[PDB]
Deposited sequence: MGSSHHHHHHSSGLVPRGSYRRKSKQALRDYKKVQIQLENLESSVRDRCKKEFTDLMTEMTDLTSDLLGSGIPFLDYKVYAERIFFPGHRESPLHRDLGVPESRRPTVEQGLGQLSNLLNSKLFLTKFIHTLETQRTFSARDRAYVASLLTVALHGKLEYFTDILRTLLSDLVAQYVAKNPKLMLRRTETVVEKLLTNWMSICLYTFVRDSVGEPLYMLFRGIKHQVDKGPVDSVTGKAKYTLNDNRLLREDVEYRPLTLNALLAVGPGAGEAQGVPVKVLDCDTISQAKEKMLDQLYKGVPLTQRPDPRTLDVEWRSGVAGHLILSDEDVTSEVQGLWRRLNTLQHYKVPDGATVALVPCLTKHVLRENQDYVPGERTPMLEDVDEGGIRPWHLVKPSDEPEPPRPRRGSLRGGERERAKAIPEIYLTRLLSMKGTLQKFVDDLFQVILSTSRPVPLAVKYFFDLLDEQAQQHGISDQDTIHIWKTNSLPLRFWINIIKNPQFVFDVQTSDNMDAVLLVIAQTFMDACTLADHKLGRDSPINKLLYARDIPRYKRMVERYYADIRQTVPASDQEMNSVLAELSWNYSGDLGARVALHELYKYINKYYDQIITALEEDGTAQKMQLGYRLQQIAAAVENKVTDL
C-alpha cells in the first residue's frame, strides 16, 4: 500500500487547491537574517492567545478576506503551530465555543456546514492530524482496496481520453452510452533489459497504453520516484521489421474535415503479445472513441458496477463507522466537547447534535479522503475514478444526513437506510465509551507534534502570514490598540517591531 508520509498527506489536505510553502523566501540575502529574526518573533506572538484570537477575528471582519483566504490562513496557522498542538487545540476549542454561541442565536443546524471560515478549516486540519495513524492503521487498507478495485474494473473497458467517458462507471453522465467495441490485448513490456507483461486494450490511445505500461513497469515504485510520462516515447519492436515509435498524433493519424482521431493500439494493428518498449526522447478537434455532442441498458450497466464494488464499499464504511474497535481519543474528545457545548446552550435536540458531529468528522474528513485518495496514497487519479468516488462519497454523505433523483440515490437506494443506522450507532458508541482525560489528550497531542519526519514549511508559513499582516496592518493595529490587555501586554507594539524587522 503506497501510503503518503505524514508531511505530504498534511500538505495536500492543508493546501488542496495547489505546496505553496515549498518556495524560496524571495528575500534579498542582506535582509534575510533580519526578516527571519522578525519571523521568529511573529512565531512568539502567535503564542499569545489574545493576539491570535484578535488576529483571526480582525482578518475575518475584512470584506476583502475571502473564503480561500480564510482556509489558507487556517492552514498557515496549523503549520506554524504544529509544534504546539495542545495550544492549537485550545485555540480550536475557544473558537468552537464562540461559534456555538453565535449559531445558537441563528439556526444551530447550519453550523460547520462548509469550509469557508478559519474555524471550519482549523477543524478539518485538526481531524486530519489526529486521524492520520488511524487511516494508516485501519482505514487505509479498505480505502486502497476500493481505489484498486475501481481502477481494475475501469481499465478492463474503454475510456475515451477526449470526453473522459467510460464503459464501466457509476455516473450515467460519464457512461459511454454508445456500446463501442474493442479487443483485450496483453503486451510484452520492456523499459529501454527483460520484459514484463501488460494487460492493455486495443482501443487505448498510445498515452493511455503508456500509463498502463508504466504502472506494471514500476509496480512497487512511488509516483514521485518515476519519470515524467512525457520524457518517454513508446517503441513497438517486431522482429524482422523496424522499431516503430508510436504516438497519439503522427503522420498516420486519421483526419476527416476538422476532426482528427487520437491514434490507438488498434490504429497501428499492434498484435496481442507484441513487444512495446519505453524509451527516452488550427480548429481541428481531437476525438478518440466517440465525438463530443435512464434506459434499462444503462441502469443495468451502472448497477453491475455498483454490485461489483459493493464489498469494497461495505468494508470501507464498516471500518470508518465501526463500534468493534477502540474509538480514537481525539474523536471521543471532540464529540464529547460538542455534547458539552450543546448542553451549555440548552440544545436538547439530538438532530442538531447529530448534524454538528456529521459536519465535524464524516462530512469534513472522511468524505474528503473518499473523494481524494491522493491525500492518502501516492497514486494518481482520473476524471472517471473521481466521478466514481464522488458517487460513493455522496452515498456516505446521505448516510450521515437525516432527510429521508441523483444517481447515487438510485444505485444505493437499498444501502443508504442501513448505513444511517451504522452512523446512529457510531455517535451512540462514541458518547457511551470511556472519556479521554485531559492528560491523555495532551499526551496524544504532544506526540502528534514530533512523530513524523520532514518540514511542513513553518518558516515560509510565517512569511505568508506576515503578508496578511502587511495587507491589513492598520486594521489589526487599530484592533489591538482598542483592547485593554492587548495594550497592557504591548501586543500592538510587538507587531510594529515585527513589521519593522520584516521591512
{"property": "Missing segments of the deposited chain sequence, listed N- to C-terminal", "result": "1-71, 90-91, 266-272, 362-387, 400-422, 534-539, 639-644"}
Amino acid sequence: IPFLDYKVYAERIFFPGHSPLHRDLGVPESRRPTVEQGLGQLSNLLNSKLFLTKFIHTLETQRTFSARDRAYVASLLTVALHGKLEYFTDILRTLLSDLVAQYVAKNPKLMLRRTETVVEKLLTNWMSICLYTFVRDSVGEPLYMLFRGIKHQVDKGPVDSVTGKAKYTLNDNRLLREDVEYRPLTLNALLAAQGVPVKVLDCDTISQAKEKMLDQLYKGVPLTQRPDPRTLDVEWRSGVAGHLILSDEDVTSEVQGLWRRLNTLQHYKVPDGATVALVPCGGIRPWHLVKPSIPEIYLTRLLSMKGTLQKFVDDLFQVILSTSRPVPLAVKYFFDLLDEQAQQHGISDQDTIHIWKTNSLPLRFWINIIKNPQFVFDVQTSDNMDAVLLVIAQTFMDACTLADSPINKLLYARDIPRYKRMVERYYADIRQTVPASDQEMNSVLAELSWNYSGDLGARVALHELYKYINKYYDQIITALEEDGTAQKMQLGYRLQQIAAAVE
From here on, numbers count along this sequence of modelled residues.
query	finding
Higher-scoring stretch by recorded Cα B factor average, 266-274 or 283-291	283-291
418-426 set against 212-220, stretch whose average Cα temperature factor tops the other in the entry	212-220
Highest-ranked of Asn359, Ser207, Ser253, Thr401 once sorted by CA temperature factor in the record	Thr401
Selection by C-alpha B-factor (highest) of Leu244, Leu201, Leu131, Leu176	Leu176
Third of chain Cα B-factors occupied by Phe375	middle
Among modelled residues of the same chain, the CA temperature factor third for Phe55	lowest
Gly83 by Cα B-factor - lowest, middle or highest third of the modelled chain	lowest
Third of chain Cα B-factors occupied by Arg364	middle
Where the record places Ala501 (Cα B-factor, split into thirds across the chain)	highest
